[PDB]
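One chain comes next, on its own, written out as structure tokens in the form deposited in one PDB entry.
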């Protein structure tokens, strides 16, 4: 009878990453464009309007300018694929696709955006090589607030000092930095794990105590 079909309701997408959502519809042997209406829209704003095999840019809501494109290839296989570059937190929400190829249907893909603590900038300071006390630091930003957990190489937990504030890059994200001061020695290994709950999500960087010139 002809119906528009969605590979999934929900996509959890990665902040500052690129987004690809799909609408599927029947393509008998060949695609011809004259017939086709592809129209994507989220919260009433036009992302994309596909008509006579071109895309009507004049109608694309300003805020989607050159950040949203439509594939041209997967149309050909009965797959309407909306690609959104550099995903923002705002980009979370509900997206309607509307296809009309001899039969109009529509679907509604829900889209969550996550900002995982997954780019961990690390650094090590040998504070006083007589005492062997070092200063290991890990910093990163995501959403929501995360804790840092320090562990030795035998997974014993250690006392750190962690400092959360709002990221100055993005207003909605958090900066998290943690510092361990510990007497250790060349080649010893330590971890800093950025955890965050509901659902839990861990990202941890591996820290190797280096060897520098002359004790």
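Positions refer to the first chain, counted from 1.
This protein has a second form, the form deposited in another entry, left out of what is shown; the following refers to that one.
**Student:** Based on the rigid-body movement between this form and the one not shown, can you say which of 68, 114, 170, 71 lies at the hinge?
**Tutor:** Of all listed residues, the hinge one is 114.
**Student:** Any idea whether residue 198 and residue 88 get closer or farther by CA distance in that other deposited form, knowing it moves 3 angstroms or more?
**Tutor:** Residues converge in that other deposited form, at least 3 Å closer.
**Student:** Closer or farther apart in that other deposited form, the C-alpha atoms of residue 16 and residue 121, for a change of 3 Å or more?
**Tutor:** Residues separate in that other deposited form, at least 3 Å farther apart.
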